[PDB]
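Okay, so here's the structure we're looking at.
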Amino acid sequence: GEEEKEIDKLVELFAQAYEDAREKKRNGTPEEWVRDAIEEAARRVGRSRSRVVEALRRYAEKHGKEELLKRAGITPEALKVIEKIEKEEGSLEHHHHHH
């Protein structure tokens with residue numbers, strides 16, 4: 001009905017984008033395949049690459065990680081790394097700037 005209207009569909013396009021990334025980067029990593037999938041999932045709707053992260057990550061908190069990995073067509077060994085991609089975008093501790 002009206003539940004997960006902007007969340008569940010944000011995992012659907014991420015699934016096929018992760019497949020496309022794994023097929024073009026055969027010698028790559030699960031982190032590169034999620035990283036490229038998050039971009040194409042955002043590009044599909046015209047959003048930022050950050051808003052889609054909150055969506056696939058919310059979905060795993062609401063449905064559980066075991067449901068997210070099935071919906072995205074990924075392994076739990078790949079799903080656990082998506083949290084490290086979120087923290088790698090959060091690299092304010094690794095850099096210096098004026099404030």
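Ligands are numbered from 1 in the order shown, residues from 1 within each chain, and chains are lettered A, B, ... in the order they appear in the structure tokens.
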Using only C-alpha atoms, I'd like a table of the residues in range 26-98 of chain A that come within 12 Å of range 9-14 of chain A; for each, show the closest atom pair and its distance in Å rounded to one decimal, ordered by chain and ascending number, as JSON lines.
{"residue": "A:33", "atom": "CA", "partner": "A:14", "partner_atom": "CA", "distance": 10.2}
{"residue": "A:34", "atom": "CA", "partner": "A:14", "partner_atom": "CA", "distance": 8.2}
{"residue": "A:35", "atom": "CA", "partner": "A:14", "partner_atom": "CA", "distance": 10.1}
{"residue": "A:36", "atom": "CA", "partner": "A:14", "partner_atom": "CA", "distance": 9.3}
{"residue": "A:37", "atom": "CA", "partner": "A:14", "partner_atom": "CA", "distance": 5.5}
{"residue": "A:38", "atom": "CA", "partner": "A:14", "partner_atom": "CA", "distance": 6.2}
{"residue": "A:39", "atom": "CA", "partner": "A:14", "partner_atom": "CA", "distance": 8.7}
{"residue": "A:40", "atom": "CA", "partner": "A:14", "partner_atom": "CA", "distance": 7.4}
{"residue": "A:41", "atom": "CA", "partner": "A:14", "partner_atom": "CA", "distance": 5.1}
{"residue": "A:42", "atom": "CA", "partner": "A:10", "partner_atom": "CA", "distance": 8.2}
{"residue": "A:43", "atom": "CA", "partner": "A:13", "partner_atom": "CA", "distance": 10.1}
{"residue": "A:44", "atom": "CA", "partner": "A:13", "partner_atom": "CA", "distance": 7.7}
{"residue": "A:45", "atom": "CA", "partner": "A:10", "partner_atom": "CA", "distance": 9.1}
{"residue": "A:46", "atom": "CA", "partner": "A:10", "partner_atom": "CA", "distance": 11.9}
{"residue": "A:47", "atom": "CA", "partner": "A:10", "partner_atom": "CA", "distance": 10.6}
{"residue": "A:49", "atom": "CA", "partner": "A:10", "partner_atom": "CA", "distance": 11.3}
{"residue": "A:50", "atom": "CA", "partner": "A:10", "partner_atom": "CA", "distance": 11.8}
{"residue": "A:51", "atom": "CA", "partner": "A:10", "partner_atom": "CA", "distance": 9.4}
{"residue": "A:52", "atom": "CA", "partner": "A:10", "partner_atom": "CA", "distance": 6.3}
{"residue": "A:53", "atom": "CA", "partner": "A:10", "partner_atom": "CA", "distance": 8.9}
{"residue": "A:54", "atom": "CA", "partner": "A:10", "partner_atom": "CA", "distance": 9.6}
{"residue": "A:55", "atom": "CA", "partner": "A:10", "partner_atom": "CA", "distance": 6.2}
{"residue": "A:56", "atom": "CA", "partner": "A:11", "partner_atom": "CA", "distance": 5.6}
{"residue": "A:57", "atom": "CA", "partner": "A:11", "partner_atom": "CA", "distance": 9.4}
{"residue": "A:58", "atom": "CA", "partner": "A:11", "partner_atom": "CA", "distance": 10.4}
{"residue": "A:59", "atom": "CA", "partner": "A:11", "partner_atom": "CA", "distance": 8.1}
{"residue": "A:60", "atom": "CA", "partner": "A:11", "partner_atom": "CA", "distance": 9.9}
{"residue": "A:63", "atom": "CA", "partner": "A:11", "partner_atom": "CA", "distance": 11.9}
{"residue": "A:67", "atom": "CA", "partner": "A:11", "partner_atom": "CA", "distance": 10.8}
{"residue": "A:68", "atom": "CA", "partner": "A:11", "partner_atom": "CA", "distance": 7.8}
{"residue": "A:69", "atom": "CA", "partner": "A:11", "partner_atom": "CA", "distance": 9.6}
{"residue": "A:70", "atom": "CA", "partner": "A:11", "partner_atom": "CA", "distance": 10.2}
{"residue": "A:71", "atom": "CA", "partner": "A:11", "partner_atom": "CA", "distance": 6.8}
{"residue": "A:72", "atom": "CA", "partner": "A:11", "partner_atom": "CA", "distance": 6.0}
{"residue": "A:73", "atom": "CA", "partner": "A:14", "partner_atom": "CA", "distance": 9.2}
{"residue": "A:74", "atom": "CA", "partner": "A:14", "partner_atom": "CA", "distance": 10.3}
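By only C-alpha atoms, and with residues fewer than 4 positions from residue 85 in chain A along its chain excluded, the set lying at most 8 Å from it is residues 31, 35, 81 and 89 of chain A.
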Go ahead and save the residues from that selection, with C-alpha atoms, as a CSV table (one decimal), in the first residue's frame.
chain,number,residue,atom,x,y,z
A,31,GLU,CA,33.0,-3.0,-2.1
A,35,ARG,CA,29.9,1.5,-4.7
A,81,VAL,CA,30.9,-4.2,3.8
A,89,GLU,CA,32.0,8.4,3.1
Atom pair CA of residue 82 in chain A + CA of residue 96 in chain A, distance 24.7 Å
- request: Using DSSP on the backbone coordinates, identify all residues within chain A classified as helix (DSSP H, G or I); present the result as a count of residues only.
  value: 66
_Just want the 9 Å neighbourhood of residue 22 in chain A, counted on only C-alpha atoms, with same-chain residues fewer than 5 positions away dropped. Output as JSON, numbers by chain._
{"A": [17, 27, 28, 29, 30, 32, 33, 34]}
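Of the residues under consideration (A:2, A:97, A:15, A:48), A:15 shows the shortest atom-to-atom contact distance to residue 79 in chain A when counting only C-alpha atoms.
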task = For CA of residue 76 in chain A and CA of residue 61 in chain A, determine how far apart the two atoms are, in Å to one decimal place.
result =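 Straight-line distance from CA of residue 76 in chain A to CA of residue 61 in chain A works out to 14.1 Å.
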* Check the smallest atom-to-atom distance from each of A:25, A:1, A:65, A:90 to residue 78 in chain A using only C-alpha atoms, then report the winner. =>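 Looking only at the distances to residue 78 in chain A, the closest residue turns out to be A:65.
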